[PDB]
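This is what each chain is made of:
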Amino acid sequence: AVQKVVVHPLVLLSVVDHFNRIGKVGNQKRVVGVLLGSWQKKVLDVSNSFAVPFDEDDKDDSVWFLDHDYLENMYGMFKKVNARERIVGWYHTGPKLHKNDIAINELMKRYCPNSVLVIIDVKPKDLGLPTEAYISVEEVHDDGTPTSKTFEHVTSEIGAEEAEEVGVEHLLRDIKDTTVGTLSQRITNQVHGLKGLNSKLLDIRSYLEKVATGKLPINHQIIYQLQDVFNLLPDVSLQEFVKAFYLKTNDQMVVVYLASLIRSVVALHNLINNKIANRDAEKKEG
Amino acid sequence: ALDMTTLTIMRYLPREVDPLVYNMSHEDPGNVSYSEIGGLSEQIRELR
Amino acid sequence: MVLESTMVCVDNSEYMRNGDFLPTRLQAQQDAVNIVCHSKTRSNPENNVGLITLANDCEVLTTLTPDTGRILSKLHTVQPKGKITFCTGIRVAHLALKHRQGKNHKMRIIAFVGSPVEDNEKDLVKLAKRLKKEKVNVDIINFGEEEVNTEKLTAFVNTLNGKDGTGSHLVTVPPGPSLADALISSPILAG
Amino acid sequence: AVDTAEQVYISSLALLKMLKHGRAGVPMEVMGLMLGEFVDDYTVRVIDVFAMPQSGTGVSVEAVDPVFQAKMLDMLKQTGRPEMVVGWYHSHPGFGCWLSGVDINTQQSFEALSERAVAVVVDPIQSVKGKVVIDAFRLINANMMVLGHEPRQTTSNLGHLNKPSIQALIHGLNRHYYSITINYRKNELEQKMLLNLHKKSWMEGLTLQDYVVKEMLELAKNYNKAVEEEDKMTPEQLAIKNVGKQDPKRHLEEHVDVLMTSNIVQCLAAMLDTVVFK
Ligand SMILES: [Zn+2]
């Protein structure tokens, strides 16, 4: 279930406004609110949401309180505003997930049959997207991990709205092909080169660190299975990818040449247009 | 179906009363009796 | 009309399944909650009563409310099986009383213990000194079975109410079957 | 006792909620209560907006539900800080921004309740990030008509107020009301998160995989060049033409930039070929 978790922009801002609303007290260190969304299809789209008062305590993460009245009264009044609107999950800040989250999740599971947790971060960073989607389920691990009850990551997306960035984007914006390949390539190299390395580095550190503190370097099949899928290319020595010679290398030259030959023709049009523009039009002494 | 404010296609639904078309459709009945007036010498022979 | 809100802690456990008190210990516990809610209602209509199991899970069964109808429904289908976890429940109950917007209402906790609690006595005593700083009265009626003499709880109550404190009465389960009315009289007589 | 060109600051959350609620109720002209802050007469900021449940009566004062307001306010008190509502916000779909006698009757009740009583009129006419069809209006008293309606201590703010000016439909019912300037309330981290969620999220910013590229490109490059071969004939005509009298020659066919960007970005895939991977 929960195949994708689109989150509407209005909800994305709503979490930040709540953090400012409780900004007077920094003790909570997270913002918790009921997440209301419509299960129109397997895709889950979050819509207008409200924040239930909640306290998370460092003492064994067992001192957690959710007001039944606030959740019930606000949801009913909000449902009166939108029939489509229904409880679909809950949202919290605190990017590192607290151990208490699973206990809060069980109460969330009771309210909604297939509820989801969105770890939206009020302070945005760089890369990916602000919302993190986790669904907690109970199952027997095939290998045999005890209990095997944990949140599972799900794909997350941004919702569609109209006249929303007139408040924000109007000041800036860069909607053109002018910056494509000028800075866009730099951003991908900036993150795939560093952020992609950082997650792999976390696993390479985990070879000893997962032994030291991690669940296990040899654990979570996808640690090796997904990495091996990423190593669709061999990764070292002969490779047989760009070293194909008769294959990819020969093709790279044909396309690069066909692309390059236009540029010689392209220069001809641009140069002559300049010559008419300055040599004749500028030269008008009269 | 066209949205009241958006004026964009919402769903495909085909329902037409078609009263004149119904006359041109299956309005004509078929007589079950093989020989209502008999006289089937070529009716169930040459015509069949 | 004295204003008070009580976060009672109910117990649901295999021990509660035992029916030595009345036909069933759980039914007797429900009856005890009924009288306290009626007593609070007689004292003031606005008085809020809320309850939660202190065994295995210690969340909020019902948010504190002036109407007792929610309290009765929560008592129905309580379902007993979880092992008692009084320390987590007592901490939750005290903070939950602070959580209520109407802190003007006096804060009190009444709890029922059906099974011995496997906790360090020092750890509960440390909670009890914190409860004394919070200054919220807590009275516990042990039901059916309890740690022998409720020694840790007796020390916990003394730490909670020391230095000429409220000294809220702690009721150890009367041995064998106990009438609900006998259980109700001690809290009515004194906190 | 003297009105001024006061500024109404709309928080992003209030504006986003108003348009979304308005779009849902555009056929039935939905109405709502604006949870504004009366910090001072010169500056009024609407920190929050909440939507009244749809009411059969309409945008009228009777439609507003007193019980809903009290319970909603209590929820605001428990979670975060509540603020006294500045006035009623509502949507008139037929006439972008406009004022009505029915509207004044509710506005008068809100004016009696408080002071500024700001009224907002969002509508379905919209643009992706450039419409702002919403406008704010405050009634002017008939007794106040003898006095100057809005004495101005600041010329520049009146000039900023002058830039919107008046709408022709609004002009028809302008008398007995005065337009009040509306500006977006300061947005900082709020602007930053949407800014982070624009090029990275609203626009395509996978970034890890942001960088067709070699499959249909050959068709597009041949087609645009073919258009140029026909188009360049018009520049060939201009150079041959004596053009003693200036005449349009269909020059600036351009497409040179379009060809340049497409060929270069595809050629930049060489970085993916030998650097991003092996
Ligand atoms: Zn109106």
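Residues numbered from 1 in each chain as written, not as in the entry; some residues may be left out. Chains lettered and ligands numbered in written order. Part of a larger assembly, values for the part shown. Heavy atoms only, no water.

Draft legend 1. Examining the overall build of chain B more closely. Helix and strand counts for chain B stand at 1 helix and 0 strands. In terms of its C-alpha atoms, chain B occupies a principal-axis envelope of roughly 65 × 15 × 15 Å. Expressed as a percentage of its 48 residues, the buried residues of chain B come to 0%. Of the roughly 5100 Å² of accessible surface on chain B, a fraction of 59% belongs to carbon and sulfur atoms. Computed over 4 positive and 8 negative side-chain charges, the separation of the two mean positions in chain B equals 7 Å. (Helix = DSSP H or I, 4+ residues; strand = E, 2+ residues; numbered from the N terminus. Buried < 20%, exposed > 50% of the residue type's maximum accessible area, 1.4 Å probe, protein only. Areas by Shrake-Rupley, 256 points an atom, 1.4 Å probe, with all protein chains shown as cover. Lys, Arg positive; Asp, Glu negative; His and termini not counted. Charge placed at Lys NZ, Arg CZ, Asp CG, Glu CD.)

Draft legend 2. Just the UniProt feature "short sequence motif: JAMM motif" in chain D, in detail. If you check UniProt for "short sequence motif: JAMM motif", the listed places come out as residues 90-103 of chain D in our numbering. Across residues 90-103 of chain D one finds 21% helix and 14% strand; the C-alpha atoms that close the span lie 10 Å apart. (UniProt positions renumbered as here; feature names shortened; annotations may be inferred.)

Draft legend 3. Spatial organisation of the side chain of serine 91 of chain D. Residues and elements named next belong to chain D. Checked against the element boundaries, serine 91 lands in strand β4 (residues 87-91). In this structure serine 91 comes out as buried when scored by relative accessible area, which is 2%. In contact with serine 91, other than residues within four places in its own chain, are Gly22, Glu29, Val30 and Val122. (Contact = heavy atoms within 4.5 Å.)

Draft legend 4. The interface of chain D and chain A, seen in detail. With 72 residues of chain D at the interface, the matching set in chain A holds 78 residues. Between chain D and chain A lies a buried interface of about 6900 Å² when both sides are counted; carbon and sulfur atoms form 66% of it. On inspection of chain D and its partner chain A, the count reaches 14 residue pairs in polar contact. Contributions of two or more residues to the side of chain D that touches chain A are made by α1 (12-24), α2 (66-78), α7 (189-202), α8 (217-231), α10 (256-267) and α11 (269-276) of chain D. When residues of the side of chain D that touches chain A are assigned to their parent elements, the largest contribution, 14 residues, is made by α7 of chain D. (Buried area = accessible area lost by both parts, 1.4 Å probe. Polar contact = N/O pair within 3.5 Å; in protein donor to acceptor, adjacent residues only side chain to side chain.)

Draft legend 5. Structural context of the state of the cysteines. Overall, the coordinates contain 0 disulfides over all chains when judged by the stated rule. In this model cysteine 87 of chain C remains outside any disulfide bridge; the closest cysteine sulfur is found in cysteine 58 of chain C, 8.4 Å from its own. (Disulfide = S-S within 2.5 Å.)

Draft legend 6. Expanded view of the domain arrangement of chain D. Here the domain parsing of chain D yields domain 1 (7-195) and domain 2 (206-271). When each unit is reduced to the centre of its C-alpha atoms, the spacing between domain 1 of chain D and domain 2 of chain D is 50 Å. (Domains from an automatic or database assignment.)

Draft legend 7. Layout of the side chain of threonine 62 of chain C. For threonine 62 of chain C, the location among the structural elements is in the loop between β2 (48-53) and α3 (69-75). Not counting chain neighbours up to four residues away, the residues in contact with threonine 62 of chain C comprise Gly50, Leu51, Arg70 and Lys74 of chain C.

Draft legend 8. Inspection of the coordination of the zinc ion at higher detail. Residue and element names in this part refer to chain D. Distances from the zinc ion to its protein donors, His90 (NE2), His92 (NE2), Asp103 (OD) and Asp103 (OD), fall within 2.0 to 2.8 Å. For the zinc ion, the 4 donor atoms in the first shell make angles of 51 to 153 degrees at the metal, so the coordination geometry reads as irregular. Counting gaps between the donor residues of the zinc ion yields the pattern H-x1-H-x10-D. Of this pair, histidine 90 sits in strand β4 while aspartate 103 sits in helix α3 (residues 101-113), placing them 13 residues apart in sequence. (Donors = N, O, S within 2.8 Å, 3.2 Å for Na, K, Ca; no water. Tetrahedral: all angles 85-135°; square planar, octahedral: opposite > 155°, others 65-115°.)

Draft legend 9. Looking closely at the pattern of salt bridges. Evaluation of the coordinates by the stated rule reveals 22 salt bridges over all chains. When the shortest N-O distance is used, the salt bridge between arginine 21 of chain A and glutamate 83 of chain D registers 3.5 Å. Of this pair, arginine 21 of chain A sits in helix α1 (residues 9-21) while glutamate 83 of chain D sits in the loop between α2 and β4, each in a different chain. With relative accessibility at 17%, the residue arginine 21 of chain A sits in the buried group. Residue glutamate 83 of chain D is classed as buried on the basis of its relative accessible area, which comes to 13%. Across the pair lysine 123 of chain A and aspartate 121 of chain A runs a salt bridge, and its minimum N-O distance is 3.2 Å. We classify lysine 123 of chain A as partly exposed; its relative accessible area is 41%. In this structure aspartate 121 of chain A comes out as buried when scored by relative accessible area, which is 5%. (Salt bridge = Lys/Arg side-chain N within 4 Å of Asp/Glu carboxyl O.)

Draft legend 10. Focus on a nonpolar patch on the surface. All names here are of chain A. On the surface, a cluster of nonpolar side chains totalling about 360 Å² of accessible area is made up of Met253, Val254, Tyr257 and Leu258. Its place among the elements puts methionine 253 in helix α6 (residues 248-282). Classification of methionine 253 as partly exposed rests on a relative accessible area of 32%. (Patch = residues over 30% accessible without salt bridge, like charges linked within 9 Å, V, L, I, M, F, W, Y side chains within 5 Å.)

Draft legend 11. A look at the nonpolar core. Counting 40 residues, the largest nonpolar core has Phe50 and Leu66 of chain A together with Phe50 and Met72 of chain D as its most contacted members. Mapped onto this core, the elements with two or more residues apiece are β2 (32-38), α2 (68-81), β6 (87-92) and α3 (100-111) of chain A together with β2 (31-37) and α2 of chain D. Beyond its immediate chain neighbours, meaning those up to four positions away, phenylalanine 50 of chain D contacts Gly32, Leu33, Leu35, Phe68, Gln69, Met72, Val85 and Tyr89 of chain D. Membership of the second largest hydrophobic core comes to 30 residues, among which are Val60, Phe86, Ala96 and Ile140 of chain C. (Core = buried A, V, L, I, M, F, W, Y, C linked by side-chain atoms within 4.5 Å.)

Draft legend 12. Just the pairing of strand β5 (residues 119-122) of chain D, in detail. All names here are of chain D. Side chains of β5 alternate between two faces, with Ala119 and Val121 and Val120 and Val122 buried alike. Taken together, the 3 bridges between β4 and β5 define a ladder with parallel strand orientation. Across the sheet, residue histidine 90 finds its bridge partner in β5, namely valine 121. A crossover links β4 with its parallel partner β5, the connecting element being α3, and its sense is right-handed. Across 2 bridges, β5 lies against strand β6 (residues 136-139) in antiparallel orientation. (Pairing = 2+ DSSP bridges. Right-handed = clockwise from strand over helix to strand, strands pointing away.)

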